[PDB]
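Heads up: the structure comes next, in structure tokens.
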Amino acid sequence: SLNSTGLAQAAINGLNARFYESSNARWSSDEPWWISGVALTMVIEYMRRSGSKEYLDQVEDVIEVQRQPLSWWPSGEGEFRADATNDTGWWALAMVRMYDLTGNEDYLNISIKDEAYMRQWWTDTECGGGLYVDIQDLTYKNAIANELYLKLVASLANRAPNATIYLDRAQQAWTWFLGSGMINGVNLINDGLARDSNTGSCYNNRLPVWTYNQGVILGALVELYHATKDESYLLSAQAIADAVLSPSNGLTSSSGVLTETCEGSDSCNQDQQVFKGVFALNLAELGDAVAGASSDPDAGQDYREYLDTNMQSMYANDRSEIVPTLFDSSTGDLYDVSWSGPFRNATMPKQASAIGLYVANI
Ligand SMILES: OC[C@H]1O[C@H](OC[C@H]2O[C@H](O)[C@@H](O)[C@@H](O)[C@@H]2O)[C@@H](O)[C@@H](O)[C@@H]1O
Ligand SMILES: OC[C@H]1O[C@H](O)[C@@H](O)[C@@H](O)[C@@H]1O
Numbered sequence: 078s079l080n081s082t083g084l085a086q087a088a089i090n091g092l093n094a095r096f097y098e099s100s101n102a103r104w105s106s107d108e109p110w111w112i113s114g115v116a117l118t119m120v121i122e123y124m125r126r127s128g129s130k131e132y133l134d135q136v137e138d139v140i141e142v143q144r145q146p147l148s149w150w151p152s153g154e155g156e157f158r159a160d161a162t163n164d165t166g167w168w169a170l171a172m173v174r175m176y177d178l179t180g181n182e183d184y185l186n187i188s189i190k191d192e193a194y195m196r197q198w199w200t201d202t203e204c205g206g207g208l209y210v211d212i213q214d215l216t217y218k219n220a221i222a223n224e225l226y227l228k229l230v231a232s233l234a235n236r237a238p239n240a241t242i243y244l245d246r247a248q249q250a251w252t253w254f255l256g257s258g259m260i261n262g263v264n265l266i267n268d269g270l271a272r273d274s275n276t277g278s279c280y281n282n283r284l285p286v287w288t289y290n291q292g293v294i295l296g297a298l299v300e301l302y303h304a305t306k307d308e309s310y311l312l313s314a315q316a317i318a319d320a321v322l323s324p325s326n327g328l329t330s331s332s333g334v335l336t337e338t339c340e341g342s343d344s345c346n347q348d349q350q351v352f353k354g355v356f357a358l359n360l361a362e363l364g365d366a367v368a369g370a371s372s373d374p375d376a377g378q379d380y381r382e383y384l385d386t387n388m389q390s391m392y393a394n395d396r397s398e399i400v401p402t403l404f405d406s407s408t409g410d411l412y413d414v415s416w417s418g419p420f421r422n423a424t425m426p427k428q429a430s431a432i433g434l435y436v437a438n439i
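Here you go:
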């Protein structure tokens with residue numbers, strides 16, 4: 078009885094009415110810039126799966142302005158090339174989805190510039206591969222910057238000209254990620270790697286298991302499947318997704334609701350508030366690829382049922398509505414960080430995570 082398309086549009090309206098800045102062509106200048114890129118990916122994804130184009134003009138506005146050289150990183154020379162490789166990766170993947178929606182080669186070209194920019198900080202001399210996240214310091218090869226890069230080259234291997242060098246880079250990047258040790262004994266991905274002070278060897282730093290570090294890798298393995306037709310990539314993604322859905326690992330509550338590790342202590346900062354929706358959208362990409370790769374009608378049913386359970390829970394316990402006025406006739410929905418907990422406030426990262434879950438059910 079739940080229309081995920083209608084609720085996604087209501088959440089996007091709530092996101093715009095409360096957090097969109099027309100004068101800046103950006104959501105919430107007080108919140109991390111990379112989350113505007115995630116929010117743009119959510120809006121673009123809503124339009125792709127629903128067939129709507131209500132926000133196409135707004136998206137183009139954001140793209141044209143945020144494409145300019147960043148005031149805090151002019152050496153990047155615009156095209157979303159920022160001071161952290163993970164910032165560039167989020168916008169690069171948004172530009173891939175923009176190309177998927179419009180077919181405009183201009184957006185694909187941004188994604189190609191972003192790939193070359195990110196590879197500038199891939200080094201085989203530390204950890205045998207992988208790239209750094211802190212461009213200025215080069216002290217952290219974490220999980221998210223390398224999952225974003227892996228998903229980028231894997232997508233370019235399916236859409237860009239000269240896609241062979243991108244397929245070669247994606248297969249080598251996955252080989253490094255697998256052998257890095259960041260995937261642990263229960264098939265979940267820790268935050269990043271640390272380096273031995275004496276030997277220079279790298280090891281899993283045992284930092285928290287974040288939901289979006291279990292999601293972006295699924296989209297990367299799905300794009301690696303499309304380019305190779307090798308179901309081995311899907312099986313590896315399925316093992317990671319299964320670990321997230323298993324209540325023994327703590328990411329799935331006893332009610333079957335996705336729960337970030339910081340929700341219990343109510344310590345989720347601006348970054349962590351958006352992590353859940355990123356995983357949900359990527360899990361929908363896996364479930365779609367799994368269902369199409371087999372003739373079983375029940376293929377991917379566990380992932381679809383999981384997304385539906387979380388949608389209903391957040392529908393009933395995490396929802397609020399903006400108060401309409403005599404002057405502002407705007408309508409929509411607002412959401413907090415916990416998909417099962419109550420509503421205390423609504424911020425842009427929590428709103429963006431909200432849209433991602435609804436779009437994952439479209
Ligand atoms: O919150 C957990 C993550 O925290 C850091 O990533 C977020 C921050 O780092 C990015 O380089 C920049 O975009 C910042 O603006 C952003 O706030 C990393 O430690 C990451 O590995 C963690 O998962
Ligand atoms: O304002 C500074 C600007 O650059 C920083 O590196 C990032 O945190 C951005 O999110 C922020 O908007």
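Position 65, counted from 1, in the sequence shown is what the authors' numbering calls 142; the numbers after and before it change by one each time, with no gaps. All C-beta atoms in this analysis are idealised placements derived from N, C-alpha and C, irrespective of residue type, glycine included.
Query, Result
"Apart from the five residues just before and just after residue 113, which ones in its own chain have a Cβ nearer than 6 Å to its Cβ?", "103, 104"
"Less than 8 Å between the C-beta atoms of residue 244 and residue 170, yes or no?", "no"
"Here's the rule I'm using: 16 or more other beta-carbon atoms within 10 Å means buried, otherwise exposed. How should residue 149 be labelled?", "exposed"
"Mapping DSSP to helix, strand and coil, what is residue 211?", "strand"
"For the putative contact between residue 347 and residue 426, defined by C-beta atoms under 8 Å, what is the C-beta separation to the nearest angstrom?", "6 Å"
"Given a cut-off of 8 Å on the beta-carbon distance, is the pair residue 351 and residue 437 in contact?", "no"
"Under 6 Å Cβ to Cβ from residue 234, same chain only, skipping five residues before and after it: list those, please.", "240, 243, 244, 247, 304"
"Taking Cβ to Cβ, would you say residue 212 is nearer than 8 Å to residue 268?", "no"
"Less than 8 Å between the C-beta atoms of residue 328 and residue 314, yes or no?", "no"
"Under 7 Å: does the beta carbon of residue 171 sit that close to some heavy atom of ligand 1?", "no"
"Residues near ligand 1, CB to any non-hydrogen atom under 6 Å, in chain order?", "109, 111, 161, 163, 164, 210, 219, 221, 268, 269, 287, 348, 349"
"Closest by CA to residue 526, which one among 275, 292, 179, 375?", "Lying outside 78 to 439, the shown extent of the chain, residue 526 is not represented and no answer is given."
"Below 7 Å, is the gap between the Cβ of residue 149 and the nearest heavy atom of ligand 2?", "yes"
"Could you give the distance in angstroms between the alpha-carbon of residue 400 and the alpha-carbon of residue 411?", "11 Å"
"Starting from the Cα of residue 50, find the closest Cα among 236, 143, 318, 219 and give me that residue.", "This structure cannot speak to residue 50, because the chain is shown only from 78 to 439."
"What alpha helix (DSSP H) runs, 4 residues minimum, are completely inside the region 83-147?", "110-127, 133-143"
"Closest by CA to residue 93, which one among 439, 415, 416, 405?", "405"
"Since residue 361 contacts residue 384 with CB under 8 Å, what's their CB separation in whole angstroms?", "6 Å"
"Residues in its own chain within less than 8 Å of residue 146 by CB, not counting five upstream and five downstream?", "153, 154, 155"
"How is the alpha helix (DSSP H) around residue 316 delimited, first residue to last?", "309-322"
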